[PDB]
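Q: I am sharing target.cif, which consists of mmCIF, C-alpha atoms and all ligand atoms:
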data_target
#
loop_
_atom_site.label_atom_id
_atom_site.label_comp_id
_atom_site.auth_asym_id
_atom_site.auth_seq_id
_atom_site.Cartn_x
_atom_site.Cartn_y
_atom_site.Cartn_z
CA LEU Z 2 0.00 0.00 0.00
CA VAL Z 3 1.17 3.47 -0.90
CA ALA Z 4 -0.08 6.48 1.04
CA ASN Z 5 0.04 8.85 -1.93
CA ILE Z 6 -1.74 8.52 -5.28
CA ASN Z 7 -0.31 8.82 -8.80
CA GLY Z 8 3.20 8.93 -7.38
CA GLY Z 9 4.68 8.08 -10.76
CA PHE Z 10 2.43 10.22 -12.98
CA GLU Z 11 1.09 7.14 -14.73
CA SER Z 12 -2.51 8.29 -14.16
CA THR Z 13 -1.99 11.45 -16.18
CA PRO Z 14 -2.03 11.94 -19.97
CA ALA Z 15 1.25 13.19 -21.44
CA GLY Z 16 1.51 16.91 -22.14
CA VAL Z 17 2.12 20.33 -20.75
CA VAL Z 18 0.12 20.75 -17.61
CA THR Z 19 -2.40 23.50 -18.26
CA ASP Z 20 -4.48 22.96 -15.15
CA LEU Z 21 -1.99 23.20 -12.30
CA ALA Z 22 -4.59 22.77 -9.63
CA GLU Z 23 -6.31 19.59 -10.83
CA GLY Z 24 -4.69 18.46 -14.05
CA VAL Z 25 -2.35 15.95 -12.36
CA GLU Z 26 -4.41 13.67 -10.13
CA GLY Z 27 -2.82 13.20 -6.69
CA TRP Z 28 -0.84 16.45 -6.99
CA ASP Z 29 -1.16 20.26 -6.67
CA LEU Z 30 1.22 22.26 -8.89
CA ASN Z 31 -0.08 25.82 -8.19
CA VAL Z 32 2.51 28.65 -8.58
CA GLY Z 33 2.89 31.45 -6.01
CA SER Z 34 1.90 34.97 -7.11
CA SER Z 35 5.42 36.49 -6.42
CA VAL Z 36 6.69 34.41 -9.44
CA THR Z 37 6.65 36.56 -12.54
CA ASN Z 38 8.30 34.30 -15.07
CA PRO Z 39 5.95 31.16 -15.19
CA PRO Z 40 7.46 27.67 -14.82
CA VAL Z 41 6.50 24.87 -17.16
CA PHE Z 42 5.17 21.58 -15.78
CA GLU Z 43 4.95 18.72 -18.27
CA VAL Z 44 4.10 15.04 -18.00
CA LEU Z 45 6.62 13.43 -20.35
CA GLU Z 46 6.52 9.96 -21.92
CA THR Z 47 10.04 8.78 -21.95
CA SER Z 48 11.94 5.48 -22.24
CA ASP Z 49 14.21 6.37 -19.23
CA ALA Z 50 11.30 6.83 -16.82
CA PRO Z 51 12.40 5.19 -13.59
CA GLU Z 52 8.95 3.57 -13.34
CA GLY Z 53 6.26 3.16 -15.89
CA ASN Z 54 6.50 5.32 -18.93
CA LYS Z 55 5.98 8.87 -17.58
CA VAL Z 56 7.79 11.44 -15.49
CA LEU Z 57 7.02 15.02 -14.39
CA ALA Z 58 9.32 17.74 -15.79
CA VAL Z 59 9.52 21.14 -14.08
CA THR Z 60 11.25 23.96 -15.98
CA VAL Z 61 12.13 26.85 -13.68
CA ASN Z 62 12.18 30.18 -15.53
CA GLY Z 63 12.24 32.43 -12.47
CA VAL Z 64 11.72 32.34 -8.73
CA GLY Z 65 9.58 34.14 -6.15
CA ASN Z 66 9.76 35.12 -2.53
CA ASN Z 67 10.04 31.61 -1.15
CA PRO Z 68 11.27 28.34 -2.67
CA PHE Z 69 7.86 26.82 -2.11
CA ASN Z 70 6.39 29.16 -4.76
CA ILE Z 71 7.37 26.60 -7.47
CA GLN Z 72 6.24 23.29 -6.09
CA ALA Z 73 4.56 19.97 -6.57
CA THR Z 74 2.60 18.73 -3.56
CA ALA Z 75 1.24 15.19 -3.35
CA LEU Z 76 -2.25 15.20 -1.85
CA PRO Z 77 -4.05 13.50 -0.29
CA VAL Z 78 -1.45 11.41 1.54
CA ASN Z 79 -3.42 8.99 3.72
CA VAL Z 80 -1.59 8.11 6.92
CA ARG Z 81 -1.99 7.00 10.53
CA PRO Z 82 -0.77 8.79 13.69
CA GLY Z 83 2.38 7.27 15.11
CA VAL Z 84 3.41 5.37 12.03
CA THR Z 85 6.90 5.86 10.60
CA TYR Z 86 6.89 6.02 6.81
CA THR Z 87 9.66 5.69 4.28
CA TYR Z 88 9.56 8.41 1.62
CA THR Z 89 11.32 7.62 -1.64
CA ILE Z 90 11.35 9.51 -4.92
CA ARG Z 91 13.59 9.64 -7.99
CA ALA Z 92 14.95 12.92 -9.36
CA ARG Z 93 17.41 14.25 -11.88
CA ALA Z 94 18.00 17.48 -13.77
CA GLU Z 95 18.99 18.61 -17.25
CA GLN Z 96 22.11 20.29 -15.83
CA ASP Z 97 23.98 19.33 -12.64
CA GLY Z 98 23.59 22.24 -9.96
CA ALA Z 99 19.80 21.87 -9.33
CA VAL Z 100 18.45 22.02 -5.80
CA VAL Z 101 15.22 20.46 -4.43
CA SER Z 102 13.73 20.09 -0.97
CA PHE Z 103 11.52 17.02 -0.46
CA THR Z 104 9.11 17.62 2.44
CA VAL Z 105 6.08 16.11 4.19
CA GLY Z 106 3.69 17.98 6.42
CA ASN Z 107 0.12 18.50 7.55
CA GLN Z 108 -2.64 20.74 6.18
CA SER Z 109 -1.44 23.43 8.80
CA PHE Z 110 1.94 23.42 7.04
CA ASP Z 111 3.76 21.85 9.98
CA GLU Z 112 6.42 19.48 8.70
CA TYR Z 113 7.04 15.90 9.86
CA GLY Z 114 10.39 15.73 8.03
CA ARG Z 115 12.33 16.67 4.94
CA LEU Z 116 15.37 16.13 2.84
CA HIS Z 117 16.61 19.73 2.76
CA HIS Z 118 18.28 21.46 -0.17
CA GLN Z 119 19.38 18.34 -2.01
CA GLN Z 120 21.76 18.50 -4.96
CA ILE Z 121 20.23 16.99 -8.03
CA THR Z 122 22.50 15.51 -10.74
CA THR Z 123 21.99 14.68 -14.39
CA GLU Z 124 21.43 11.00 -13.51
CA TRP Z 125 18.42 9.60 -11.72
CA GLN Z 126 18.92 9.14 -7.98
CA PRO Z 127 16.62 7.90 -5.25
CA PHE Z 128 16.10 10.40 -2.47
CA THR Z 129 14.77 8.79 0.69
CA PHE Z 130 14.06 9.60 4.32
CA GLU Z 131 11.88 8.40 7.18
CA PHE Z 132 9.33 10.41 9.03
CA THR Z 133 6.80 9.79 11.79
CA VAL Z 134 3.25 11.11 11.75
CA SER Z 135 3.57 12.71 15.10
CA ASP Z 136 0.12 14.28 15.56
CA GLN Z 137 -3.50 13.16 15.09
CA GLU Z 138 -3.64 13.79 11.34
CA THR Z 139 -4.75 11.19 8.88
CA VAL Z 140 -4.73 13.24 5.64
CA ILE Z 141 -1.38 14.96 5.02
CA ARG Z 142 0.67 16.44 2.19
CA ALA Z 143 4.05 15.95 0.51
CA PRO Z 144 5.36 19.33 -0.76
CA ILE Z 145 8.34 19.27 -3.14
CA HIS Z 146 10.01 22.69 -3.47
CA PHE Z 147 11.74 23.71 -6.75
CA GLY Z 148 11.77 27.51 -6.47
CA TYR Z 149 15.45 27.98 -5.67
CA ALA Z 150 17.28 30.58 -7.72
CA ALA Z 151 19.97 27.99 -8.51
CA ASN Z 152 17.36 26.23 -10.66
CA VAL Z 153 16.59 29.10 -13.05
CA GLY Z 154 17.30 27.87 -16.53
CA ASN Z 155 17.14 24.20 -15.54
CA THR Z 156 14.58 21.44 -15.80
CA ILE Z 157 14.06 19.00 -12.91
CA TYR Z 158 12.48 15.62 -13.52
CA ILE Z 159 10.75 13.58 -10.82
CA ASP Z 160 9.19 10.12 -10.74
CA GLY Z 161 8.23 7.35 -8.43
CA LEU Z 162 7.11 9.03 -5.22
CA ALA Z 163 6.23 6.27 -2.78
CA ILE Z 164 5.32 6.90 0.88
CA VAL Z 165 5.11 3.45 2.55
CA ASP Z 166 4.86 2.24 6.24
CA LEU Z 167 8.51 1.41 7.47
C1 LIG H 1 10.12 24.72 7.17
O1 LIG H 1 11.28 25.06 7.86
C2 LIG H 1 12.53 24.60 7.28
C3 LIG H 1 13.36 25.76 6.85
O2 LIG H 1 12.68 26.52 5.82
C4 LIG H 1 14.72 25.35 6.31
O3 LIG H 1 15.47 26.44 5.87
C5 LIG H 1 15.37 24.49 7.27
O4 LIG H 1 16.76 24.24 7.30
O5 LIG H 1 14.59 23.41 7.62
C6 LIG H 1 13.32 23.72 8.23
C7 LIG H 1 12.63 22.47 8.45
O6 LIG H 1 13.27 21.66 9.35
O7 LIG H 1 10.00 25.61 6.04
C8 LIG H 1 8.90 25.28 5.20
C9 LIG H 1 9.04 26.06 3.93
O8 LIG H 1 10.27 25.68 3.34
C10 LIG H 1 10.53 26.30 2.10
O9 LIG H 1 10.54 27.71 2.16
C11 LIG H 1 11.56 28.19 3.05
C12 LIG H 1 12.93 27.73 2.64
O10 LIG H 1 13.90 28.14 3.60
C13 LIG H 1 13.01 26.24 2.42
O11 LIG H 1 14.20 25.86 1.76
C14 LIG H 1 11.85 25.77 1.57
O12 LIG H 1 11.87 24.35 1.55
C15 LIG H 1 7.64 25.50 6.01
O13 LIG H 1 6.49 25.04 5.23
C16 LIG H 1 5.81 26.06 4.55
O14 LIG H 1 4.92 26.65 5.47
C17 LIG H 1 4.33 27.79 4.89
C18 LIG H 1 3.41 28.42 5.94
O15 LIG H 1 4.22 28.88 6.96
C19 LIG H 1 3.50 29.06 8.24
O16 LIG H 1 2.94 27.90 8.77
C20 LIG H 1 3.86 26.87 9.02
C21 LIG H 1 4.89 27.39 10.05
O17 LIG H 1 5.81 26.36 10.29
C22 LIG H 1 5.56 28.63 9.55
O18 LIG H 1 6.37 29.17 10.52
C23 LIG H 1 4.50 29.64 9.19
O19 LIG H 1 5.02 30.83 8.61
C24 LIG H 1 3.51 27.40 3.64
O20 LIG H 1 3.15 28.65 3.00
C25 LIG H 1 1.87 28.75 2.47
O21 LIG H 1 1.91 28.21 1.14
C26 LIG H 1 0.68 28.34 0.45
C27 LIG H 1 0.82 27.63 -0.88
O22 LIG H 1 0.96 26.23 -0.62
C28 LIG H 1 1.10 25.43 -1.77
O23 LIG H 1 2.31 25.74 -2.43
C29 LIG H 1 3.43 25.56 -1.59
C30 LIG H 1 3.52 24.13 -1.04
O24 LIG H 1 4.64 24.04 -0.13
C31 LIG H 1 2.21 23.70 -0.39
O25 LIG H 1 2.25 22.32 -0.08
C32 LIG H 1 1.06 24.00 -1.33
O26 LIG H 1 -0.18 23.75 -0.66
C33 LIG H 1 0.30 29.79 0.28
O27 LIG H 1 -0.97 29.88 -0.38
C34 LIG H 1 0.26 30.47 1.65
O28 LIG H 1 -0.04 31.82 1.45
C35 LIG H 1 1.55 30.25 2.38
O29 LIG H 1 1.45 30.79 3.71
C36 LIG H 1 4.28 26.53 2.66
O30 LIG H 1 3.45 25.94 1.73
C37 LIG H 1 5.05 25.40 3.43
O31 LIG H 1 5.87 24.74 2.52
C38 LIG H 1 7.63 24.65 7.27
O32 LIG H 1 6.52 24.94 8.10
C39 LIG H 1 8.91 24.94 8.08
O33 LIG H 1 9.02 24.06 9.18
CA CA H 2 6.49 7.07 -13.82
#
Would you mind writing the structure in this file as structure tokens?
Ligand SMILES: *[C@@]1(O[C@H]2[C@H](O)[C@@H](O)[C@H](O)O[C@@H]2CO)O[C@H](CO[C@H]2OC[C@@H](O)[C@H](O)[C@H]2O)[C@@H](O[C@@H]2O[C@H](CO[C@H]3OC[C@@H](O)[C@H](O)[C@H]3O)[C@@H](O[C@@H]3O[C@H](CO[C@H]4OC[C@@H](O)[C@H](O)[C@H]4O)[C@@H](O)[C@H](O)[C@H]3O)[C@H](O)[C@H]2O)[C@H](O)[C@H]1O
Ligand SMILES: [Ca+2]
A:
Amino acid sequence: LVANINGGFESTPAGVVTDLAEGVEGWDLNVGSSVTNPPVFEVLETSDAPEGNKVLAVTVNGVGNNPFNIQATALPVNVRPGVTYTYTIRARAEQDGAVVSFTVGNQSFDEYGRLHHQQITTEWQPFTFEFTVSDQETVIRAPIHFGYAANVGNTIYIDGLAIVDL
């Protein structure tokens, strides 16, 4: 059982994402208002997909006030208080030098854990951490943050988010 839905983008038709809010089931891709140069989100069919046939590509053309202004959040993430989950995802970038934070938190924005400010290379890597649901929440979120200025001009690819009981 996986806590998150559509973790590998296989539920979504290929193409540029034109409905950030609802166009990728299991995810919210809304952009913060402080961003003035829009990013591009695209579900890509590709033979190097770590799983299945699709990945999500995020082209960062500019940043805003906080790195969370360019983001992909998995939701809902269905969990149980007390349980420790393993988070795993695959990521790479068009150019070495990209930076991503992989986070999990509640609908209050309190975080349970993160992998902070990770360097992303041109080759796929698994990024993994454990976290415990430490409050009473059963429906949480998994925000991925791309809006670091180091990413401007780059494209970050993600696939295979799986949040699983340890
Ligand atoms: C967390 O602290 C980090 C710290 O930032 C690091 O520097 C450090 O080393 O580690 C700690 C954790 O151990 O920071 C989170 C934000 O991180 C991102 O921005 C800051 C940057 O330094 C960092 O690199 C980057 O990853 C923060 O979560 C954010 O919380 C925002 C709300 O903040 C309040 O409530 C939670 C409290 O903890 C804070 O003190 C309060 O100010 C929240 O902002 C809201 O975002 C809305 C949009 O949301 C959607 O898009 C962004 C997605 O992240 C989100 O899932 C989507 O739903 C917007 O509409 C609101 O107006 C805005 O307030 C951010 O979404 C959330 O990511 C952690 O709380 C904090 O512990
Ligand atoms: Ca996939």
Q: As a quick test: using all atoms listed in the file, which residues lie no more than 6 Å away from ligand LIG 1 (chain H)? Give them as a list in words.
A: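 Final answer, ordered by chain and number: residues 67, 68, 69, 70, 72, 74, 102, 110, 111, 112, 144 and 146 of chain Z.
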Q: Listing only residues of chain Z within 10 Å of ligand CA 2 (chain H), what is the closest atom pair and its distance in Å (to one decimal) for each, using all atoms listed in the file, sorted by chain and residue number ascending, as CSV?
A:
residue,atom,partner,partner_atom,distance
Z:7,CA,H:CA2,CA,8.6
Z:8,CA,H:CA2,CA,7.5
Z:9,CA,H:CA2,CA,3.7
Z:10,CA,H:CA2,CA,5.2
Z:11,CA,H:CA2,CA,5.5
Z:12,CA,H:CA2,CA,9.1
Z:13,CA,H:CA2,CA,9.8
Z:44,CA,H:CA2,CA,9.3
Z:45,CA,H:CA2,CA,9.1
Z:46,CA,H:CA2,CA,8.6
Z:47,CA,H:CA2,CA,9.0
Z:49,CA,H:CA2,CA,9.5
Z:50,CA,H:CA2,CA,5.7
Z:51,CA,H:CA2,CA,6.2
Z:52,CA,H:CA2,CA,4.3
Z:53,CA,H:CA2,CA,4.4
Z:54,CA,H:CA2,CA,5.4
Z:55,CA,H:CA2,CA,4.2
Z:56,CA,H:CA2,CA,4.9
Z:57,CA,H:CA2,CA,8.0
Z:91,CA,H:CA2,CA,9.5
Z:159,CA,H:CA2,CA,8.3
Z:160,CA,H:CA2,CA,5.1
Z:161,CA,H:CA2,CA,5.7
Z:162,CA,H:CA2,CA,8.8
Q: When you draw a straight line from CA of residue 14 (chain Z) to CA of residue 157 (chain Z), how long is it in Å?
A: 18.9 Å
Q: Calculate how many Å separate CA of residue 167 (chain Z) from CA of residue 117 (chain Z), rounding to one decimal.
A: 20.6 Å
Q: How many Å separate CA of residue 24 (chain Z) from CA of residue 61 (chain Z)?
A: 18.8 Å
Q: Measuring atom to atom with all atoms listed in the file, identify which of Z:65, Z:16, Z:77, Z:39 is nearest to residue 148 (chain Z).
A: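 When distances to residue 148 (chain Z) are compared using all atoms listed in the file, the smallest one comes from Z:65.
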Q: Using all atoms listed in the file for the distances, tell me which of Z:94, Z:116, Z:71, Z:76 is nearest to residue 156 (chain Z).
A: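 Among the listed residues, Z:94 lies closest to residue 156 (chain Z).
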Q: Of the candidates Z:118, Z:33, Z:60, Z:108, which one gets nearest to residue 155 (chain Z) if we count only C-alpha atoms?
A: Z:60
Q: Near residue 109 (chain Z), within 12 Å and counting all atoms listed in the file, which residues show up once chain neighbours fewer than 5 positions away are dropped, as a JSON list (two decimals) with C-alpha atoms, keeping the file's coordinate frame?
A:
[["chain", "number", "residue", "atom", "x", "y", "z"],
["Z", 136, "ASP", "CA", 0.12, 14.28, 15.56],
["Z", 138, "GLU", "CA", -3.64, 13.79, 11.34],
["Z", 140, "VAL", "CA", -4.73, 13.24, 5.64],
["Z", 141, "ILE", "CA", -1.38, 14.96, 5.02],
["Z", 142, "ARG", "CA", 0.67, 16.44, 2.19]]
Q: Could you check which of Z:114, Z:147, Z:122, Z:166 is closest to residue 42 (chain Z), using only C-alpha atoms?
A: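 Closest residue, counting only C-alpha atoms: Z:147.
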Q: Quick one: what's the axis-aligned box for region 22-27 of chain Z, all listed atoms, 6 Å on every side, centre and edges in Å to one decimal, as JSON?
A:
{"center_x": -4.3, "center_y": 18.0, "center_z": -10.4, "size_x": 16.0, "size_y": 21.6, "size_z": 19.4}
Q: Would you pick out the contacts of residue 37 (chain Z) at 9 Å or less, using all atoms listed in the file, so that residues sharing its chain but fewer than 2 positions from it are not included, and give the list as an MDAnalysis selection string?
A: chainID Z and resid 34:35 39 62:65
Q: Taking into account only C-alpha atoms, which residue in the set Z:21, Z:36, Z:58, Z:80 is nearest to residue 150 (chain Z)?
A: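 Closest residue, counting only C-alpha atoms: Z:36.
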Q: Which one is closest to residue 99 (chain Z): Z:5, Z:79, Z:133, Z:123? Count all atoms listed in the file.
A: Z:123
Q: Start from the incomplete input, build N, CA, C and O atoms for region 2-28 of chain Z, and deliver everything as a PDB file, in the frame of the given file.
A:
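Wrote out_9.pdb, looks like this:
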ATOM      1  N   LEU Z   2       0.867  -1.191   0.000  1.00  0.00           N
ATOM      2  CA  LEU Z   2       0.000   0.000   0.000  1.00  0.00           C
ATOM      3  C   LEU Z   2       0.904   1.242   0.000  1.00  0.00           C
ATOM      4  O   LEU Z   2       1.919   1.345   0.734  1.00  0.00           O
ATOM      5  N   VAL Z   3       0.530   2.185  -0.833  1.00  0.00           N
ATOM      6  CA  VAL Z   3       1.170   3.470  -0.900  1.00  0.00           C
ATOM      7  C   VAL Z   3       0.213   4.538  -0.383  1.00  0.00           C
ATOM      8  O   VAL Z   3      -0.948   4.531  -0.718  1.00  0.00           O
ATOM      9  N   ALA Z   4       0.719   5.473   0.406  1.00  0.00           N
ATOM     10  CA  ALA Z   4      -0.080   6.480   1.040  1.00  0.00           C
ATOM     11  C   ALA Z   4      -0.560   7.581   0.075  1.00  0.00           C
ATOM     12  O   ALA Z   4      -1.560   8.225   0.312  1.00  0.00           O
ATOM     13  N   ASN Z   5       0.265   7.834  -0.949  1.00  0.00           N
ATOM     14  CA  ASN Z   5       0.040   8.850  -1.930  1.00  0.00           C
ATOM     15  C   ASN Z   5      -0.467   8.200  -3.223  1.00  0.00           C
ATOM     16  O   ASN Z   5      -0.224   7.033  -3.478  1.00  0.00           O
ATOM     17  N   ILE Z   6      -1.130   9.004  -4.057  1.00  0.00           N
ATOM     18  CA  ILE Z   6      -1.740   8.520  -5.280  1.00  0.00           C
ATOM     19  C   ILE Z   6      -1.041   9.119  -6.499  1.00  0.00           C
ATOM     20  O   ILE Z   6      -0.622  10.278  -6.472  1.00  0.00           O
ATOM     21  N   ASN Z   7      -0.943   8.337  -7.573  1.00  0.00           N
ATOM     22  CA  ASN Z   7      -0.310   8.820  -8.800  1.00  0.00           C
ATOM     23  C   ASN Z   7       1.127   9.291  -8.571  1.00  0.00           C
ATOM     24  O   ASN Z   7       1.598  10.247  -9.169  1.00  0.00           O
ATOM     25  N   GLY Z   8       1.845   8.547  -7.720  1.00  0.00           N
ATOM     26  CA  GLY Z   8       3.200   8.930  -7.380  1.00  0.00           C
ATOM     27  C   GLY Z   8       4.172   8.911  -8.517  1.00  0.00           C
ATOM     28  O   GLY Z   8       5.224   9.551  -8.440  1.00  0.00           O
ATOM     29  N   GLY Z   9       3.870   8.176  -9.577  1.00  0.00           N
ATOM     30  CA  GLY Z   9       4.680   8.080 -10.760  1.00  0.00           C
ATOM     31  C   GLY Z   9       4.135   8.675 -12.024  1.00  0.00           C
ATOM     32  O   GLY Z   9       4.632   8.447 -13.107  1.00  0.00           O
ATOM     33  N   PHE Z  10       3.058   9.472 -11.866  1.00  0.00           N
ATOM     34  CA  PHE Z  10       2.430  10.220 -12.980  1.00  0.00           C
ATOM     35  C   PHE Z  10       1.769   9.361 -14.016  1.00  0.00           C
ATOM     36  O   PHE Z  10       1.337   9.849 -15.050  1.00  0.00           O
ATOM     37  N   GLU Z  11       1.645   8.046 -13.747  1.00  0.00           N
ATOM     38  CA  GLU Z  11       1.090   7.140 -14.730  1.00  0.00           C
ATOM     39  C   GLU Z  11      -0.381   7.316 -14.959  1.00  0.00           C
ATOM     40  O   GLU Z  11      -0.933   6.809 -15.906  1.00  0.00           O
ATOM     41  N   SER Z  12      -1.072   7.996 -14.030  1.00  0.00           N
ATOM     42  CA  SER Z  12      -2.510   8.290 -14.160  1.00  0.00           C
ATOM     43  C   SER Z  12      -2.791   9.443 -15.036  1.00  0.00           C
ATOM     44  O   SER Z  12      -3.974   9.726 -15.297  1.00  0.00           O
ATOM     45  N   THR Z  13      -1.783  10.178 -15.514  1.00  0.00           N
ATOM     46  CA  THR Z  13      -1.990  11.450 -16.180  1.00  0.00           C
ATOM     47  C   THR Z  13      -1.585  11.356 -17.650  1.00  0.00           C
ATOM     48  O   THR Z  13      -0.524  10.848 -17.979  1.00  0.00           O
ATOM     49  N   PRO Z  14      -2.437  11.856 -18.567  1.00  0.00           N
ATOM     50  CA  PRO Z  14      -2.030  11.940 -19.970  1.00  0.00           C
ATOM     51  C   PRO Z  14      -0.765  12.760 -20.138  1.00  0.00           C
ATOM     52  O   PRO Z  14      -0.546  13.744 -19.446  1.00  0.00           O
ATOM     53  N   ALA Z  15       0.094  12.408 -21.104  1.00  0.00           N
ATOM     54  CA  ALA Z  15       1.250  13.190 -21.440  1.00  0.00           C
ATOM     55  C   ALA Z  15       0.822  14.577 -21.928  1.00  0.00           C
ATOM     56  O   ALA Z  15      -0.189  14.736 -22.612  1.00  0.00           O
ATOM     57  N   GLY Z  16       1.654  15.565 -21.631  1.00  0.00           N
ATOM     58  CA  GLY Z  16       1.510  16.910 -22.140  1.00  0.00           C
ATOM     59  C   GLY Z  16       1.838  17.958 -21.159  1.00  0.00           C
ATOM     60  O   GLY Z  16       1.956  17.698 -19.934  1.00  0.00           O
ATOM     61  N   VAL Z  17       1.981  19.194 -21.626  1.00  0.00           N
ATOM     62  CA  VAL Z  17       2.120  20.330 -20.750  1.00  0.00           C
ATOM     63  C   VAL Z  17       0.900  20.397 -19.836  1.00  0.00           C
ATOM     64  O   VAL Z  17      -0.254  20.223 -20.269  1.00  0.00           O
ATOM     65  N   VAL Z  18       1.170  20.592 -18.573  1.00  0.00           N
ATOM     66  CA  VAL Z  18       0.120  20.750 -17.610  1.00  0.00           C
ATOM     67  C   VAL Z  18      -0.471  22.156 -17.684  1.00  0.00           C
ATOM     68  O   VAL Z  18       0.226  23.124 -17.392  1.00  0.00           O
ATOM     69  N   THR Z  19      -1.699  22.221 -18.095  1.00  0.00           N
ATOM     70  CA  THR Z  19      -2.400  23.500 -18.260  1.00  0.00           C
ATOM     71  C   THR Z  19      -3.358  23.775 -17.142  1.00  0.00           C
ATOM     72  O   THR Z  19      -3.881  24.860 -17.083  1.00  0.00           O
ATOM     73  N   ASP Z  20      -3.695  22.797 -16.336  1.00  0.00           N
ATOM     74  CA  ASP Z  20      -4.480  22.960 -15.150  1.00  0.00           C
ATOM     75  C   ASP Z  20      -3.652  22.531 -13.972  1.00  0.00           C
ATOM     76  O   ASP Z  20      -3.513  21.341 -13.655  1.00  0.00           O
ATOM     77  N   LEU Z  21      -2.953  23.476 -13.375  1.00  0.00           N
ATOM     78  CA  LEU Z  21      -1.990  23.200 -12.300  1.00  0.00           C
ATOM     79  C   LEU Z  21      -2.675  22.646 -11.059  1.00  0.00           C
ATOM     80  O   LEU Z  21      -2.101  21.850 -10.295  1.00  0.00           O
ATOM     81  N   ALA Z  22      -3.882  23.098 -10.805  1.00  0.00           N
ATOM     82  CA  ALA Z  22      -4.590  22.770  -9.630  1.00  0.00           C
ATOM     83  C   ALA Z  22      -5.141  21.329  -9.600  1.00  0.00           C
ATOM     84  O   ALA Z  22      -5.076  20.663  -8.574  1.00  0.00           O
ATOM     85  N   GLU Z  23      -5.617  20.868 -10.734  1.00  0.00           N
ATOM     86  CA  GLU Z  23      -6.310  19.590 -10.830  1.00  0.00           C
ATOM     87  C   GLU Z  23      -5.888  18.700 -11.974  1.00  0.00           C
ATOM     88  O   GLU Z  23      -6.405  17.599 -12.096  1.00  0.00           O
ATOM     89  N   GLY Z  24      -5.046  19.198 -12.890  1.00  0.00           N
ATOM     90  CA  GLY Z  24      -4.690  18.460 -14.050  1.00  0.00           C
ATOM     91  C   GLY Z  24      -3.816  17.231 -13.866  1.00  0.00           C
ATOM     92  O   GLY Z  24      -3.727  16.383 -14.767  1.00  0.00           O
ATOM     93  N   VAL Z  25      -3.157  17.118 -12.711  1.00  0.00           N
ATOM     94  CA  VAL Z  25      -2.350  15.950 -12.360  1.00  0.00           C
ATOM     95  C   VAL Z  25      -2.979  15.353 -11.106  1.00  0.00           C
ATOM     96  O   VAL Z  25      -2.789  15.860  -9.992  1.00  0.00           O
ATOM     97  N   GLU Z  26      -3.757  14.283 -11.257  1.00  0.00           N
ATOM     98  CA  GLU Z  26      -4.410  13.670 -10.130  1.00  0.00           C
ATOM     99  C   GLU Z  26      -3.356  13.299  -9.076  1.00  0.00           C
ATOM    100  O   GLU Z  26      -2.273  12.843  -9.391  1.00  0.00           O
ATOM    101  N   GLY Z  27      -3.726  13.533  -7.813  1.00  0.00           N
ATOM    102  CA  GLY Z  27      -2.820  13.200  -6.690  1.00  0.00           C
ATOM    103  C   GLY Z  27      -1.806  14.305  -6.384  1.00  0.00           C
ATOM    104  O   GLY Z  27      -1.035  14.113  -5.424  1.00  0.00           O
ATOM    105  N   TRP Z  28      -1.832  15.420  -7.121  1.00  0.00           N
ATOM    106  CA  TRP Z  28      -0.840  16.450  -6.990  1.00  0.00           C
ATOM    107  C   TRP Z  28      -1.493  17.838  -7.153  1.00  0.00           C
ATOM    108  O   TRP Z  28      -2.487  18.013  -7.857  1.00  0.00           O
TER     109      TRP Z  28
END
